[PDB]
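Please read the structure below before turning to the comments.
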Amino acid sequence: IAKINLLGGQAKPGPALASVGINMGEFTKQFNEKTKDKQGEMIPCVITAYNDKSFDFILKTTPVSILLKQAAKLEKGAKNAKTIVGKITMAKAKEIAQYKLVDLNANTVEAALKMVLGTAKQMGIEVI
Amino acid sequence: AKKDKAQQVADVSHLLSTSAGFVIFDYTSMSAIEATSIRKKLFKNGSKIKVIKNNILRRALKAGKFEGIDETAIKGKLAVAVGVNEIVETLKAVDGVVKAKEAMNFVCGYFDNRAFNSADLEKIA
Amino acid sequence: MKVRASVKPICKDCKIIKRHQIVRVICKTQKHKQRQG
Amino acid sequence: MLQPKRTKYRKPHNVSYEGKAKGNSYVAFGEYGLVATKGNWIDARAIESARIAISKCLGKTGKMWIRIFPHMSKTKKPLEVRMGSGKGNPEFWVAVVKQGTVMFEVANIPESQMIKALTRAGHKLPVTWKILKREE
Amino acid sequence: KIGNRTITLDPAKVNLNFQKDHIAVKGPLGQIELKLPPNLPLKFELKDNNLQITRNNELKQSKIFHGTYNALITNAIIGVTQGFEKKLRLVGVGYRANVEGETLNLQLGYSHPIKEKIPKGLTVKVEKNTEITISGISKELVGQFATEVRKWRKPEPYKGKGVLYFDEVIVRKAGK
RNA sequence: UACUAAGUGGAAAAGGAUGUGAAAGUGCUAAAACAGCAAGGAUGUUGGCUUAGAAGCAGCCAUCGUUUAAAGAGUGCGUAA
RNA sequence: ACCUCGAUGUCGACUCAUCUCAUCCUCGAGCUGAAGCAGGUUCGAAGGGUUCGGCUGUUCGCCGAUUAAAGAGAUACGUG
Ligand SMILES: [K+]
Ligand SMILES: [Mg+2]
Ligand SMILES: [Zn+2]
């Protein structure tokens with residue numbers, strides 16, 4: 001099993017999965033298929049390795065906390081947590097948590113909120 | 001404390017007194033994702049899957065007035081699945097969960113006040 | 001081998017034994033052997 | 001280097017430390033203190049080494065109080081000279097430390113860290129040290 | 001503790017007879033003799049398909065013996081019923097091993113010829129030219145001969161070459 | 001009547017140490033203790049500074065929530081990532 | 001400033017060596033920022049060996065060419 005952050009719009013120049021016995025030419029078309037709904041983003045993909053050289057892949061969301069910068073309206077958070085540079089409404093956090101649901105292993109939407117609350121505090125952002 | 005242990009036994013004993021299924025499973029070869037995946041498949045909030053130490057299980061079953069159920073929890077790692085109402089689906093869920101995974105044991109248990117064996121799990125599933 | 005007046009463990013697994021009335025230390029990393037007290 | 005700015009009489013009598021610690025018997029400012037179990041003379045240089053050890057290992061959070069001070073001077077005759085014909089010049093200052101004087105003491109930093117700081121300190125001093133804690 | 005451990009002497013072919021200063025343990029593979037020293041403070045009593053032994057007192061050396069003879073009895077029993085073996089991977093370039101009569105001979109980087117006499121009760125086998133399998137009845141002799149083979153060319157970290165014991169992860173030092 | 005295993009006794013320190021004895025309390029203990037043995041030891045995360053290459057591990061800035069019996073922006077090892 | 005002044009001859013060399021180990025070589029072993037060669041350091045070891053020359057009253061030394069190496073010390077700074 002080797003995870004990699006293959007870009008969603010491009011898949012063709014490369015060899016570190018070739019030592020796994022992966023047939024690169026047959027899977028490059030598949031990477032550009034389902035990912036075409038979210039072009040221009042770097043999508044992480046899990047790669048299981050079956051003995052028979054069969055393979056099944058699982059795409060994931062764009063990395064957490066990147067979205068928090070957008071909701072805050074500020075390009076970068078504080079280097080010091082005590083310095084409350086930004087503030088975000090709890091309703092806006094609901095919009096963010098829903099996007100991450102496929103990646104998040106959180107049991108409930110209410111718990112999914114709590115998981116994002118520990119990420120908002122890393123940026124020093126107030127939860128209002 | 002003695003009081004804390006008694007409360008845990010009493011709570012478990014009371015739960016086993018209203019259950020429609022108690023099924024004993026070895027917790028061997030169960031990953032953290034598998035622990036969350038099996039619980040998630042058990043979807044409907046009427047069932048629980050928990051790794052429980054044998055000494056608690058034994059006292060709880062003993063005070064719930066169960067018998068011959070000692071063999072399921074005798075000398076083995078013992079997670080428990082206990083569901084409510086339509087209990088048959090829970091057994092099929094755990095039976096297809098092992099089969100999907102590398103392995104897992106399915107020792108047996110009690111279905112609607114009736115003892116079943118390991119071999120009878122497939123029949124129910 | 002390190003010969004020192006005071007021998008104390010340097011790693012997590014550097015155990016201390018007493019062999020032939022002499023206190024010594026053993027680690028899986030052979031740089032940590034000590035002797036003579 | 002700790003040193004009295006100026007003293008009255010430059011060449012005084014040596015003070016024997018064979019006692020049981022007139023004054024400074026107990027820790028008085030911090031939670032832990034370093035006690036001696038054999039009286040001695042520790043000069044300004046040794047106080048400096050101990051102070052810098054405690055400061056280096058203390059981090060930028062806590063505080064260290066030095067209780068003793070090299071009040072007394074001390075002389076040393078120049079080398080390859082016959083005896084008599086005067087008293088030699090003063091060379092180095094020294095703090096008399098009787099048995100059982102809480103000389104160093106620390107504050108406002110975790111327990112184990114303070115114990116380690118004190119152990120790192122007492123290895124510079126000649127006196128066989130010991131660890132004491134504030135009463136209550 | 002190992003002093004208070006219940007030995008299960010299976011009554012298949014293993015019989016145990018205690019003399020004053022010797023223990024004789026016999027089984028399917030080969031009789032074994034244990035030479036106990038006098039003033040032994042342990043009381044060895046055996047049952048049918050079970051064995052329990054106790055010390056008279058709480059003296060330190062007695063507490064040591066209480067465990068160590070239990071261990072030796074268990075190892076002698078398991079050896080005389082199943083037998084021990086050690087397994088040596090002779091790894092290298094021009095290295096090889098083989099047997100000739102009673103003498104195991106070896107070729108290593110040595111310009112000197114290497115031969116070695118096997119003691120009684122130990123049988124080596126060279127199933128592949130880079131493998132040695134030493135089979136014995138008591139752990140002590142098989143281990144002794146394993147190390148007598150190993151002393152000739154110990155492993156190195158720069159390259160793994162050596163008389164490596166099977167499944168031992170020698171550390172790696174990379175030189176350039 | 002106990003203590004000593006060192007020929008201490010029959011030279012000596014700062015300092016180091018599962019040597020052994022005595023006493024004092026404190027904590028778990030047959031609703032199973034300690035060690036060992038059989039399982040698992042996760043997601044956010046590839047947070048970001050940035051290094052052709054540092055994404056749990058060259059170092060550096062906050063250094064926490066979430067799935068559960070359990071989980072360290074990871075105990076340390078070991079990767080040009 | 002304790003024996004020695006009604007005398008205990010003092011530097012260096014020569015001859016003869018003797019002893020200690022805190023070892024220069026020879027010997028055995030560990031760790032390595034030890035690939036090999038050659039090393040750096042530590043442990044044990046005192047059986048044996050441990051140069052010739054220029055200058056200098058020389059010890060000491062600087063220098064040349066060797067050697068496996070050209071030890072540190074003690075013995076009234078050994079030895080009239
Ligand atoms: K004279
Ligand atoms: Mg004459
Ligand atoms: Zn270590």
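By order in the structure tokens, chains are A, B, ...; within a chain, residues start at 1; ligands start at 1, following the order shown.
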task = At a cut-off of 12 Å, list the chain E residues touching chain C, using only C-alpha atoms, as an MDAnalysis selection string.
result = chainID E and resid 169:172
How would the residues just chosen look if you wrote them out with C-alpha atoms as a compact mmCIF listing (two decimals), in the first residue's frame?
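The file below, part-v8.txt, is the result:
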# COMPACT_ATOMS: atom_id res chain seq x y z
CA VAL E 169 19.45 -8.65 12.10
CA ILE E 170 23.06 -7.46 12.18
CA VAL E 171 23.21 -3.67 12.20
CA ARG E 172 24.52 -1.80 9.17
message = Give me, as a ChimeraX atom specification, all polymer residues having an atom no more than 10 Å from residue 64 of chain F, counting only C-alpha atoms (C1' of nucleotides) and skipping those fewer than 5 positions away in the same chain.
response = /A:115,117-122 /F:73
task = Mind the document's chain letters and residue numbers, and return as a ChimeraX atom specification the residues of segment 3-134 of chain D that DSSP labels alpha helix (DSSP H).
result = /D:44-58,111-122
Sorted by chain and rising residue number, which residues of segment 20-130 of chain D lie within 9 Å of segment 11-16 of chain F, and what are their closest atom pairs and distances in Å to one decimal, counting only C-alpha atoms (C1' of nucleotides), as CSV?
residue,atom,partner,partner_atom,distance
D:123,CA,F:14,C1',8.7
D:126,CA,F:14,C1',7.5
D:128,CA,F:14,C1',8.2
key: Spatial neighbours of residue 88 of chain D, 12 Å, only C-alpha atoms (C1' of nucleotides), chain gap at least 5 places, as a PyMOL selection string   = chain D and resi 10-12+74-79+81-83
How would the residues just chosen look if you wrote them out with N, CA and C atoms as a PDB file, in the first residue's frame?
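The new file part.pdb reads:
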ATOM      1  N   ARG D  10      42.068  44.370  54.866  1.00  0.00           N
ATOM      2  CA  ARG D  10      42.320  43.552  53.688  1.00  0.00           C
ATOM      3  C   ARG D  10      42.749  42.133  54.017  1.00  0.00           C
ATOM      4  N   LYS D  11      43.279  41.884  55.209  1.00  0.00           N
ATOM      5  CA  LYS D  11      43.863  40.590  55.548  1.00  0.00           C
ATOM      6  C   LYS D  11      43.290  40.080  56.863  1.00  0.00           C
ATOM      7  N   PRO D  12      42.090  39.428  56.916  1.00  0.00           N
ATOM      8  CA  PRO D  12      41.492  39.035  58.198  1.00  0.00           C
ATOM      9  C   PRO D  12      41.814  37.606  58.659  1.00  0.00           C
ATOM     10  N   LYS D  74      40.932  36.140  51.360  1.00  0.00           N
ATOM     11  CA  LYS D  74      41.885  35.092  51.695  1.00  0.00           C
ATOM     12  C   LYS D  74      43.186  35.361  50.959  1.00  0.00           C
ATOM     13  N   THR D  75      44.293  34.980  51.583  1.00  0.00           N
ATOM     14  CA  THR D  75      45.618  35.307  51.082  1.00  0.00           C
ATOM     15  C   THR D  75      46.322  34.069  50.546  1.00  0.00           C
ATOM     16  N   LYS D  76      47.422  34.312  49.841  1.00  0.00           N
ATOM     17  CA  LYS D  76      48.228  33.240  49.270  1.00  0.00           C
ATOM     18  C   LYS D  76      49.627  33.780  49.039  1.00  0.00           C
ATOM     19  N   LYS D  77      50.590  33.274  49.796  1.00  0.00           N
ATOM     20  CA  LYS D  77      51.967  33.718  49.663  1.00  0.00           C
ATOM     21  C   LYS D  77      52.479  33.394  48.262  1.00  0.00           C
ATOM     22  N   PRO D  78      53.188  34.315  47.610  1.00  0.00           N
ATOM     23  CA  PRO D  78      53.783  34.004  46.304  1.00  0.00           C
ATOM     24  C   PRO D  78      54.726  32.818  46.411  1.00  0.00           C
ATOM     25  N   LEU D  79      54.980  32.185  45.276  1.00  0.00           N
ATOM     26  CA  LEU D  79      55.673  30.906  45.255  1.00  0.00           C
ATOM     27  C   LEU D  79      57.185  31.096  45.355  1.00  0.00           C
ATOM     28  N   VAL D  81      59.292  31.227  47.900  1.00  0.00           N
ATOM     29  CA  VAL D  81      59.740  32.236  48.851  1.00  0.00           C
ATOM     30  C   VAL D  81      59.868  31.611  50.232  1.00  0.00           C
ATOM     31  N   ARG D  82      60.901  32.014  50.966  1.00  0.00           N
ATOM     32  CA  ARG D  82      61.043  31.611  52.354  1.00  0.00           C
ATOM     33  C   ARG D  82      59.852  32.110  53.164  1.00  0.00           C
ATOM     34  N   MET D  83      59.683  31.552  54.357  1.00  0.00           N
ATOM     35  CA  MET D  83      58.578  31.972  55.202  1.00  0.00           C
ATOM     36  C   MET D  83      58.971  33.175  56.042  1.00  0.00           C
TER      37      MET D  83
END
ask   = What residues have any atom no more than 7 Å from ligand 1 when counting only C-alpha atoms (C1' of nucleotides) and all ligand atoms, and can you list them as a PyMOL selection string?
value = chain G and resi 4-5+7
Spatial neighbours of residue 50 of chain G, 9 Å, only C-alpha atoms (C1' of nucleotides), chain gap at least 2 places, as a PyMOL selection string = chain G and resi 24-25+69-71
Fewer than 5 positions away in the same chain doesn't count, so skip those; otherwise give me all residues within 8 Å of residue 1 of chain C, counting only C-alpha atoms (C1' of nucleotides), as a PDB file with N, CA and C atoms (P, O5', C5', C4', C3', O3' and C1' of nucleotides), in the first residue's frame.
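Printed below is out.pdb as written:
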ATOM      1  N   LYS C  31      28.145   0.875  21.441  1.00  0.00           N
ATOM      2  CA  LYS C  31      28.922   2.016  21.896  1.00  0.00           C
ATOM      3  C   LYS C  31      28.780   2.269  23.388  1.00  0.00           C
ATOM      4  N   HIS C  32      27.874   1.576  24.074  1.00  0.00           N
ATOM      5  CA  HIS C  32      27.513   1.934  25.436  1.00  0.00           C
ATOM      6  C   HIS C  32      28.085   0.997  26.493  1.00  0.00           C
ATOM      7  N   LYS C  33      28.935   0.045  26.118  1.00  0.00           N
ATOM      8  CA  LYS C  33      29.512  -0.860  27.105  1.00  0.00           C
ATOM      9  C   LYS C  33      30.409  -0.096  28.067  1.00  0.00           C
ATOM     10  N   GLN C  34      30.277  -0.410  29.364  1.00  0.00           N
ATOM     11  CA  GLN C  34      31.072   0.287  30.415  1.00  0.00           C
ATOM     12  C   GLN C  34      31.591  -0.731  31.437  1.00  0.00           C
ATOM     13  N   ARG C  35      32.553  -0.338  32.283  1.00  0.00           N
ATOM     14  CA  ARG C  35      33.182  -1.309  33.224  1.00  0.00           C
ATOM     15  C   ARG C  35      33.856  -0.603  34.408  1.00  0.00           C
TER      16      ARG C  35
ATOM     17  P     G G  30      37.909  -8.257  19.373  1.00  0.00           P
ATOM     18  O5'   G G  30      37.321  -7.060  20.239  1.00  0.00           O
ATOM     19  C5'   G G  30      36.158  -7.245  21.044  1.00  0.00           C
ATOM     20  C4'   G G  30      35.863  -6.024  21.896  1.00  0.00           C
ATOM     21  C3'   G G  30      35.269  -4.812  21.179  1.00  0.00           C
ATOM     22  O3'   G G  30      33.883  -4.953  20.958  1.00  0.00           O
ATOM     23  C1'   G G  30      36.940  -4.085  22.712  1.00  0.00           C
ATOM     24  P     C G  31      33.227  -4.368  19.618  1.00  0.00           P
ATOM     25  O5'   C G  31      33.310  -2.794  19.765  1.00  0.00           O
ATOM     26  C5'   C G  31      32.622  -2.132  20.812  1.00  0.00           C
ATOM     27  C4'   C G  31      32.809  -0.625  20.729  1.00  0.00           C
ATOM     28  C3'   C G  31      32.776   0.008  19.348  1.00  0.00           C
ATOM     29  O3'   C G  31      31.467   0.213  18.841  1.00  0.00           O
ATOM     30  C1'   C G  31      34.618   0.873  20.534  1.00  0.00           C
ATOM     31  P     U G  42      44.234   6.431  25.830  1.00  0.00           P
ATOM     32  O5'   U G  42      43.210   5.315  26.263  1.00  0.00           O
ATOM     33  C5'   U G  42      42.031   5.641  26.995  1.00  0.00           C
ATOM     34  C4'   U G  42      41.168   4.411  27.123  1.00  0.00           C
ATOM     35  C3'   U G  42      41.782   3.207  27.829  1.00  0.00           C
ATOM     36  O3'   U G  42      41.815   3.285  29.246  1.00  0.00           O
ATOM     37  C1'   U G  42      40.689   2.469  25.883  1.00  0.00           C
ATOM     38  P     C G  43      42.945   2.485  30.068  1.00  0.00           P
ATOM     39  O5'   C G  43      42.551   0.956  29.879  1.00  0.00           O
ATOM     40  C5'   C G  43      41.300   0.439  30.346  1.00  0.00           C
ATOM     41  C4'   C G  43      41.291  -1.068  30.263  1.00  0.00           C
ATOM     42  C3'   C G  43      42.561  -1.796  30.680  1.00  0.00           C
ATOM     43  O3'   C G  43      42.633  -1.924  32.093  1.00  0.00           O
ATOM     44  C1'   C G  43      41.728  -2.739  28.691  1.00  0.00           C
TER      45        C G  43
END
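For ligand 3, the set of protein, DNA and RNA residues within 6 Å, based on only C-alpha atoms (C1' of nucleotides) and all ligand atoms, reads residues 10, 11, 13, 14, 27, 29 and 32 of chain C.
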Show me a table, sorted first by chain and then by increasing residue number, of the residues of chain F having an atom at most 10 Å from segment 76-96 of chain A, each with its shortest atom pair and the distance in Å to one decimal, counting only C-alpha atoms (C1' of nucleotides) and written as a tab-separated table.
residue	atom	partner	partner_atom	distance
F:48	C1'	A:76	CA	9.4
F:61	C1'	A:79	CA	5.9
F:62	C1'	A:81	CA	6.4
Compute the set of chain A residues within 12 Å of chain F, using only C-alpha atoms (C1' of nucleotides), and express it as a compact mmCIF listing (two decimals) with N, CA, C and O atoms, in the first residue's frame.
# COMPACT_ATOMS: atom_id res chain seq x y z
N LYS A 3 0.49 5.32 -0.52
CA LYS A 3 -0.24 6.54 -0.79
C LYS A 3 0.57 7.57 -1.56
O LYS A 3 1.77 7.73 -1.33
N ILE A 4 -0.07 8.32 -2.48
CA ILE A 4 0.61 9.34 -3.23
C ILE A 4 -0.38 10.45 -3.53
O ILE A 4 -1.60 10.24 -3.59
N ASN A 5 0.11 11.70 -3.70
CA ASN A 5 -0.66 12.88 -4.03
C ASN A 5 -0.54 13.16 -5.51
O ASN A 5 0.01 14.17 -5.93
N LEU A 6 -1.05 12.24 -6.36
CA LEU A 6 -1.12 12.48 -7.79
C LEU A 6 -2.07 13.62 -8.15
O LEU A 6 -3.21 13.70 -7.69
N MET A 42 -4.82 19.14 -6.31
CA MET A 42 -3.96 18.00 -6.04
C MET A 42 -4.70 17.02 -5.15
O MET A 42 -4.88 17.26 -3.96
N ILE A 43 -5.18 15.90 -5.72
CA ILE A 43 -6.00 14.96 -5.00
C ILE A 43 -5.18 13.78 -4.49
O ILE A 43 -4.61 13.03 -5.28
N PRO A 44 -5.05 13.55 -3.19
CA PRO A 44 -4.49 12.31 -2.66
C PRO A 44 -5.25 11.05 -3.06
O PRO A 44 -6.48 11.03 -3.08
N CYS A 45 -4.52 9.95 -3.37
CA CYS A 45 -5.14 8.68 -3.68
C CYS A 45 -4.44 7.56 -2.92
O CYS A 45 -3.22 7.41 -2.95
N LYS A 60 -9.52 11.17 -2.40
CA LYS A 60 -9.81 11.88 -1.17
C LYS A 60 -9.92 13.37 -1.40
O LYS A 60 -9.62 13.91 -2.45
N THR A 61 -10.44 14.09 -0.40
CA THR A 61 -10.56 15.54 -0.43
C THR A 61 -9.22 16.27 -0.34
O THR A 61 -8.20 15.72 0.08
N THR A 62 -9.20 17.53 -0.80
CA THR A 62 -8.08 18.45 -0.64
C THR A 62 -7.77 18.73 0.83
O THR A 62 -8.70 18.72 1.65
N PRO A 63 -6.52 18.93 1.26
CA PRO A 63 -6.14 18.86 2.66
C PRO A 63 -6.86 19.82 3.58
O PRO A 63 -7.19 20.96 3.22
N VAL A 64 -7.13 19.36 4.81
CA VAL A 64 -7.84 20.11 5.81
C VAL A 64 -7.15 21.41 6.20
O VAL A 64 -5.95 21.58 6.10
N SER A 65 -7.97 22.41 6.59
CA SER A 65 -7.52 23.66 7.20
C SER A 65 -7.11 24.71 6.20
O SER A 65 -7.09 25.89 6.50
N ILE A 66 -6.88 24.30 4.94
CA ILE A 66 -6.72 25.18 3.80
C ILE A 66 -7.97 26.02 3.57
O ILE A 66 -7.92 27.23 3.38
N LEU A 67 -9.15 25.38 3.69
CA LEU A 67 -10.46 26.02 3.61
C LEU A 67 -10.72 27.06 4.69
O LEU A 67 -11.45 28.03 4.48
N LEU A 68 -10.13 26.89 5.89
CA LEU A 68 -10.27 27.81 7.01
C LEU A 68 -9.71 29.18 6.72
O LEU A 68 -10.28 30.19 7.14
N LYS A 69 -8.61 29.26 5.94
CA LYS A 69 -8.04 30.50 5.47
C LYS A 69 -9.02 31.28 4.59
O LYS A 69 -9.17 32.49 4.72
N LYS A 76 -3.18 34.09 5.67
CA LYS A 76 -2.39 33.33 6.60
C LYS A 76 -2.83 33.63 8.02
O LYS A 76 -3.20 34.76 8.34
N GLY A 77 -2.83 32.60 8.90
CA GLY A 77 -3.13 32.76 10.32
C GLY A 77 -1.98 33.29 11.11
O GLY A 77 -0.85 33.42 10.63
N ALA A 78 -2.24 33.55 12.40
CA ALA A 78 -1.24 33.97 13.35
C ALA A 78 -0.18 32.91 13.63
O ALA A 78 -0.44 31.72 13.66
N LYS A 79 1.06 33.36 13.89
CA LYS A 79 2.13 32.50 14.35
C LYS A 79 2.05 32.27 15.85
O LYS A 79 2.77 31.46 16.42
N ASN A 80 1.16 33.02 16.54
CA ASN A 80 0.95 32.94 17.95
C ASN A 80 -0.56 32.85 18.18
O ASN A 80 -1.28 33.78 17.83
N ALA A 81 -1.05 31.76 18.81
CA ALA A 81 -2.46 31.47 19.08
C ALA A 81 -3.21 32.51 19.91
O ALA A 81 -4.37 32.79 19.67
N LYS A 82 -2.53 33.12 20.92
CA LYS A 82 -3.07 34.19 21.78
C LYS A 82 -3.47 35.44 20.99
O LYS A 82 -4.33 36.20 21.40
N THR A 83 -2.82 35.65 19.82
CA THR A 83 -3.11 36.75 18.91
C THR A 83 -4.25 36.32 18.01
O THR A 83 -4.05 35.68 16.98
N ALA A 97 -17.25 21.45 7.30
CA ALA A 97 -17.29 20.10 7.81
C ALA A 97 -17.94 19.12 6.84
O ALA A 97 -17.44 18.01 6.65
N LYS A 100 -15.63 17.84 4.10
CA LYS A 100 -14.61 16.94 4.56
C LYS A 100 -15.18 15.59 4.95
O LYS A 100 -14.41 14.70 5.30
N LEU A 101 -16.51 15.35 4.86
CA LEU A 101 -17.16 14.14 5.37
C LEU A 101 -16.66 12.82 4.82
O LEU A 101 -16.55 11.85 5.56
N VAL A 102 -16.37 12.76 3.50
CA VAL A 102 -15.77 11.62 2.81
C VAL A 102 -14.37 11.26 3.34
O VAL A 102 -14.03 10.09 3.46
N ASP A 103 -13.52 12.27 3.66
CA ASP A 103 -12.22 12.07 4.28
C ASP A 103 -12.34 11.77 5.78
O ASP A 103 -11.71 10.86 6.31
N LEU A 104 -13.18 12.55 6.50
CA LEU A 104 -13.37 12.39 7.92
C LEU A 104 -13.97 11.05 8.30
O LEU A 104 -14.95 10.58 7.73
N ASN A 105 -13.45 10.44 9.37
CA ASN A 105 -13.97 9.18 9.86
C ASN A 105 -14.98 9.45 10.97
O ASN A 105 -15.34 8.55 11.72
N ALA A 106 -15.40 10.72 11.15
CA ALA A 106 -16.32 11.13 12.19
C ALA A 106 -17.69 10.47 12.08
O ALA A 106 -18.33 10.46 11.03
N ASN A 107 -18.19 9.92 13.21
CA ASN A 107 -19.45 9.19 13.28
C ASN A 107 -20.69 10.03 13.00
O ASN A 107 -21.69 9.53 12.49
N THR A 108 -20.69 11.33 13.38
CA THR A 108 -21.88 12.17 13.30
C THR A 108 -21.48 13.50 12.71
O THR A 108 -20.33 13.90 12.76
N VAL A 109 -22.45 14.26 12.14
CA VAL A 109 -22.27 15.65 11.71
C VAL A 109 -21.91 16.57 12.87
O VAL A 109 -21.03 17.40 12.77
N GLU A 110 -22.57 16.40 14.03
CA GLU A 110 -22.25 17.10 15.26
C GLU A 110 -20.83 16.83 15.78
O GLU A 110 -20.15 17.72 16.29
N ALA A 111 -20.33 15.58 15.65
CA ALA A 111 -18.94 15.24 15.91
C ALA A 111 -18.00 15.80 14.85
O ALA A 111 -16.92 16.27 15.18
N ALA A 112 -18.42 15.82 13.56
CA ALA A 112 -17.70 16.39 12.43
C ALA A 112 -17.43 17.87 12.65
O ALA A 112 -16.35 18.36 12.34
N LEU A 113 -18.39 18.60 13.28
CA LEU A 113 -18.16 19.96 13.76
C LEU A 113 -17.00 20.03 14.74
O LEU A 113 -16.06 20.77 14.52
N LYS A 114 -17.00 19.17 15.78
CA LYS A 114 -15.98 19.12 16.82
C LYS A 114 -14.58 18.84 16.30
O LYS A 114 -13.61 19.41 16.79
N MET A 115 -14.45 17.99 15.27
CA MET A 115 -13.19 17.73 14.59
C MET A 115 -12.61 18.97 13.90
O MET A 115 -11.42 19.27 14.01
N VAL A 116 -13.46 19.75 13.19
CA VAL A 116 -13.09 21.02 12.58
C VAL A 116 -12.84 22.11 13.62
O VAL A 116 -12.03 23.02 13.43
N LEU A 117 -13.48 22.06 14.79
CA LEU A 117 -13.18 23.01 15.85
C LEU A 117 -11.75 22.93 16.37
O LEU A 117 -11.16 23.93 16.76
N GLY A 118 -11.14 21.72 16.38
CA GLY A 118 -9.73 21.56 16.75
C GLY A 118 -8.77 22.02 15.69
O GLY A 118 -7.59 22.24 15.96
N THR A 119 -9.25 22.20 14.44
CA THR A 119 -8.46 22.74 13.34
C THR A 119 -8.51 24.24 13.26
O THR A 119 -7.51 24.89 12.97
N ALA A 120 -9.68 24.86 13.54
CA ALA A 120 -9.86 26.30 13.58
C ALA A 120 -9.02 26.98 14.66
O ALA A 120 -8.41 28.03 14.43
N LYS A 121 -8.90 26.34 15.84
CA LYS A 121 -8.06 26.79 16.93
C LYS A 121 -6.57 26.80 16.61
O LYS A 121 -5.84 27.62 17.14
N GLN A 122 -6.09 25.91 15.70
CA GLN A 122 -4.72 25.89 15.20
C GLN A 122 -4.35 27.15 14.44
O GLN A 122 -3.22 27.62 14.50
N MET A 123 -5.33 27.75 13.72
CA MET A 123 -5.14 29.01 13.02
C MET A 123 -5.27 30.21 13.95
O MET A 123 -5.01 31.34 13.55
N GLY A 124 -5.72 29.98 15.21
CA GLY A 124 -5.97 30.99 16.23
C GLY A 124 -7.29 31.68 16.07
O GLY A 124 -7.61 32.63 16.77
N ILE A 125 -8.10 31.21 15.11
CA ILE A 125 -9.40 31.73 14.80
C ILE A 125 -10.41 31.51 15.92
O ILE A 125 -10.58 30.40 16.44
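If you measure from each of G:68, G:80, G:57, G:26 to ligand 2 using only C-alpha atoms (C1' of nucleotides) and all ligand atoms, the closest one turns out to be G:80.
If you take only C-alpha atoms (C1' of nucleotides) and a cut-off of 8 Å, the residues of chain F that reach chain B are residues 31, 39, 40, 41, 42, 67, 68 and 69 of chain F.
When atom CA of residue 121 of chain B is paired with atom CA of residue 20 of chain B, their separation reads 15.0 Å.
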